[PDB]
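Sequence lines set the chain letters: A, B, ... in the order given, protein chains first and strands last, and positions in each chain run from 1. Start at 1 and go down the list; that is how both ligands and their atoms are numbered.
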2 protein chains.
Amino acid sequence: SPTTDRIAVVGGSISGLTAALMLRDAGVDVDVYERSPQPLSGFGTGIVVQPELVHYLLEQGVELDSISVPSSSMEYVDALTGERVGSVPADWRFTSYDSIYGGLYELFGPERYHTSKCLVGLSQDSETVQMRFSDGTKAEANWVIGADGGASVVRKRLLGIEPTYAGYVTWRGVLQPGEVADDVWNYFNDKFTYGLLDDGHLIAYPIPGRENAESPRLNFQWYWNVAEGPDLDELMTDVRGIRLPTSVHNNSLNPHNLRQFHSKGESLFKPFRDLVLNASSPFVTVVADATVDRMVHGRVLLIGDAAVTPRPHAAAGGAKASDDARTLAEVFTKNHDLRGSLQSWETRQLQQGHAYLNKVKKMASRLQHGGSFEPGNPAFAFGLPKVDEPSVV
Amino acid sequence: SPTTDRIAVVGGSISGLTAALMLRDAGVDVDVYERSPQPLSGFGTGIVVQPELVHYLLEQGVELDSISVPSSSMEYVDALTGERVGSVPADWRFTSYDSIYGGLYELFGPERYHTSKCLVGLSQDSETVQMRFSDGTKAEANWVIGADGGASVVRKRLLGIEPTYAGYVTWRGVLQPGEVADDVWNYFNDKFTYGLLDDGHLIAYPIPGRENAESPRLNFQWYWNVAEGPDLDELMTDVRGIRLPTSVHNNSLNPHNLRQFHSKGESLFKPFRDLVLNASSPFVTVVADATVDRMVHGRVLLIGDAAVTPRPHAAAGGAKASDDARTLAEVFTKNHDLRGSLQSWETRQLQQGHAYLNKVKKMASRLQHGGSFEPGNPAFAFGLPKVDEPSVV
Ligand SMILES: Cc1cc2nc3c(=O)[nH]c(=O)nc-3n(C[C@H](O)[C@H](O)[C@H](O)COP(=O)(O)OP(=O)(O)OC[C@H]3O[C@@H](n4cnc5c(N)ncnc54)[C@H](O)[C@@H]3O)c2cc1C
Ligand SMILES: Cc1cc2nc3c(=O)[nH]c(=O)nc-3n(C[C@H](O)[C@H](O)[C@H](O)COP(=O)(O)OP(=O)(O)OC[C@H]3O[C@@H](n4cnc5c(N)ncnc54)[C@H](O)[C@@H]3O)c2cc1C
């Protein structure tokens, strides 16, 4: 028998829904509380597919070829002069935030996914955890899973930890067929491409169409080093004067920032220049990370970006989150000495979490500084670091 | 001859408009850039009248009795048990933020008061200062006066200084005739009243009607000590989940916070209890202060809450701001060795500014802790500290 305990999940995205689904599948009584008034949106941005990230969906019968897009190499290019550093065979598939989210939400349904529930307070005793929401209501559970992302309030309330700026930001853009010339489309299609600079880099790869039937798109990012203080403050302030914590979305950019994005883009080697100048809704997001010594805090658990908050470079953040969710659900599934199992659980997941953070840190120290970033370097490959013993394929 | 230089004023409130008006009066070419899309609003809150605060208006023919309201004593009461600590004769007049602002704006006019201009960047050389706005435009001046208030961006960009939480917040409420019983209205009318507690205090005083012809109102505040971190974070988070920096306005309160305000209010001695329970739009504002060693930074000057950011206890913040503006305008009026005069100017205004901060700090250490706060104590009287030699009345 799975637990007869009541579980609340705060945060209804990749980790939240994964946790909930698996607990619901297992008979566990579970609720999701999501700050968002409606079901979600990633603004059509790319996600590199890892096993862990699509594990749940595949288990339910979703065909991989239907939520993702192939590649057959990985390219390394000087993004100023176009000089090719090198290319290696590769077969990453790429999906989109909407594809994963939309798949998970579709499976879960609205009945117990409580929108407009923004946690703002939390407290706990030996039986239960009380949650308080910004709408003035409260819910109660035996266990609460903080699946509330990089700016996790749960983690802020328990530990005082918030993301620390990493020194740089990333512009994010998505192109549709015909928004760039065919030869530029062909340059990036069916490939992950790094455009490396002396002080930053771009990445580009194909992704699925916004809806089932639509054509594939090109996803790209450009990482800029921006000095904390005046410089970052001016980049992160929207057209209305609010200095935002994480992203300034396209419809809100200070026009000056948008001109700067285009004008710096003017110096890039043609095909990258064309991504930057032709994107219709580019937007900007800080790079910030955070860590945590424990994921277990009495009856409150942290998973996904709310435990260790990653940087995007190894393209497995959402995979770390799914795994956190899966292993956690399994604990309440197996339901044998919860205190003990959770201790064992967090040890593995912390080591995974810390190792992932170290990798993307090392990656960033090459990628943001024109440091050597060698084609095919196994230390810099996408994916979660091996934490388990290897098994037979 | 006043300067032929071009002056820009960033921030269009009490200090901004005062500066601008006096410079315009003197022939100086000046512009105001205000973040706000429309002319302003203080949400009908009280301001105790000081000479400095109404100096400009009176000089223009505005009659004091028409923008303010009398009192004939100052009362000191235990706000739990109603026991009167004491009363002293007094003749403070009280006005409202809207009364002062509305008077100043009316005199200045829209022509050179540029709304929707939120400064987000600043830089300067030996001739000029360039201002950059959140709308992507820029203006240029010879001198820039940072009149942008407690959360001054100008001061943030030049110095890295922002307000520091002081340990407490103040609830703010305004009552109209008939929203409380007549005997409660009569209790507070024509008086400034302190309701003192073991760990905080209320103040109440009459103020003018929202419009020329309307009846007088009752303004009140209740200062609560709220621990930085989880507690303050939950108080300062609005119904939508945003943790706000300064105020959570009534239409946005987490209903739980509003219930808490009412429920704690339930323990007060009747007439204070009635203010708190009957206010229709109470709202909350952090108490935070900041200081500055210089008000002169090349060609950028800080005045009002953007130089030394006060706490409200001596009820002369807006007076400090007017004075900062007046003395500064005078410098450009007199126009004789600007570098030298500005050095002399800031010395006086800093001493005034620091002394004011020390006073309200000392006041707070009594008023938020049930410390002794003796009726009529000259050290705790409202007003700016004497900085000049005394003159003949
Ligand atoms: C630029 C970029 C590129 C990326 N590329 C990849 C990639 O290639 N591969 C990969 O695996 N990952 C990638 N990721 C990482 C992946 O996006 C994240 O790791 C993942 O979305 C984290 O899932 P999560 O549910 O833990 O947090 P989130 O997705 O951030 O969701 C947390 C949820 O909680 C909600 N919430 C927040 N606060 C509250 C609260 N107070 N109360 C209630 N609800 C709240 C939010 O609304 C949100 O729905 C990328 C990320 C970015 C930024
Ligand atoms: C609870 C309370 C009670 C008070 N009681 C009294 C009293 O009894 N007596 C008294 O004298 N004073 C009192 N005050 C103090 C008085 O309100 C302030 O000292 C005064 O309003 C400061 O004037 P200011 O123009 O310097 O700043 P503000 O009034 O804060 O105005 C600054 C202006 O700049 C604008 N701005 C901000 N940032 C930007 C930017 N980025 N770009 C462009 N514009 C920007 C804002 O919109 C605002 O209009 C009280 C204050 C409070 C909080």
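Side-chain atoms of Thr137(A) and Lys117(A) form a donor-acceptor pair, as typed in the model, at a separation below 3.5 Å. Judged by distance alone, the side chains of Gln221(A) and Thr170(A) do bring a donor and an acceptor atom under 3.5 Å apart. Side chain to side chain, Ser13(A) and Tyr97(A) meet the donor-acceptor criterion of an N or O pair below 3.5 Å.
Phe283(B) has its ring centre no less than 6.0 Å from the ring centre of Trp171(B). Between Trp92(B) and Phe382(B), the distance from one ring center to the other falls under 6.0 angstrom. Taking the six-membered ring where the residue is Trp, the centroids of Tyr223(A) and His313(A) are separated by under 6.0 Å.
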Using a cut-off of under 3.5 Å, which N/O atoms of ligand 1 pair up with protein N/O atoms, and what distance separates each pair?
{"residue": "ligand 1", "atom": "8 (O)", "partner": "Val48(A)", "partner atom": "N", "Å": "2.7"}
{"residue": "ligand 1", "atom": "9 (N)", "partner": "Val48(A)", "partner atom": "O", "Å": "3.4"}
{"residue": "ligand 1", "atom": "9 (N)", "partner": "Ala315(A)", "partner atom": "O", "Å": "2.9"}
{"residue": "ligand 1", "atom": "11 (O)", "partner": "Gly317(A)", "partner atom": "N", "Å": "3.3"}
{"residue": "ligand 1", "atom": "11 (O)", "partner": "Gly318(A)", "partner atom": "N", "Å": "2.8"}
{"residue": "ligand 1", "atom": "11 (O)", "partner": "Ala319(A)", "partner atom": "N", "Å": "3.1"}
{"residue": "ligand 1", "atom": "12 (N)", "partner": "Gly317(A)", "partner atom": "N", "Å": "3.3"}
{"residue": "ligand 1", "atom": "12 (N)", "partner": "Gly318(A)", "partner atom": "N", "Å": "2.9"}
{"residue": "ligand 1", "atom": "19 (O)", "partner": "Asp305(A)", "partner atom": "OD1", "Å": "2.9"}
{"residue": "ligand 1", "atom": "19 (O)", "partner": "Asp305(A)", "partner atom": "OD2", "Å": "3.4"}
{"residue": "ligand 1", "atom": "19 (O)", "partner": "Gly317(A)", "partner atom": "O", "Å": "3.3"}
{"residue": "ligand 1", "atom": "19 (O)", "partner": "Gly318(A)", "partner atom": "N", "Å": "3.1"}
{"residue": "ligand 1", "atom": "25 (O)", "partner": "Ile14(A)", "partner atom": "N", "Å": "3.4"}
{"residue": "ligand 1", "atom": "25 (O)", "partner": "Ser15(A)", "partner atom": "N", "Å": "3.1"}
{"residue": "ligand 1", "atom": "25 (O)", "partner": "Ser15(A)", "partner atom": "OG", "Å": "2.7"}
{"residue": "ligand 1", "atom": "26 (O)", "partner": "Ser15(A)", "partner atom": "OG", "Å": "2.7"}
{"residue": "ligand 1", "atom": "26 (O)", "partner": "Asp305(A)", "partner atom": "N", "Å": "3.0"}
{"residue": "ligand 1", "atom": "29 (O)", "partner": "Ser13(A)", "partner atom": "OG", "Å": "2.9"}
{"residue": "ligand 1", "atom": "31 (O)", "partner": "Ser13(A)", "partner atom": "OG", "Å": "3.4"}
{"residue": "ligand 1", "atom": "41 (N)", "partner": "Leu119(A)", "partner atom": "O", "Å": "3.2"}
{"residue": "ligand 1", "atom": "42 (N)", "partner": "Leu119(A)", "partner atom": "N", "Å": "2.9"}
{"residue": "ligand 1", "atom": "44 (N)", "partner": "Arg35(A)", "partner atom": "N", "Å": "3.2"}
{"residue": "ligand 1", "atom": "47 (O)", "partner": "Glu34(A)", "partner atom": "OE1", "Å": "3.4"}
{"residue": "ligand 1", "atom": "47 (O)", "partner": "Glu34(A)", "partner atom": "OE2", "Å": "2.6"}
{"residue": "ligand 1", "atom": "49 (O)", "partner": "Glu34(A)", "partner atom": "OE1", "Å": "2.6"}
{"residue": "ligand 1", "atom": "49 (O)", "partner": "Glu34(A)", "partner atom": "OE2", "Å": "3.4"}

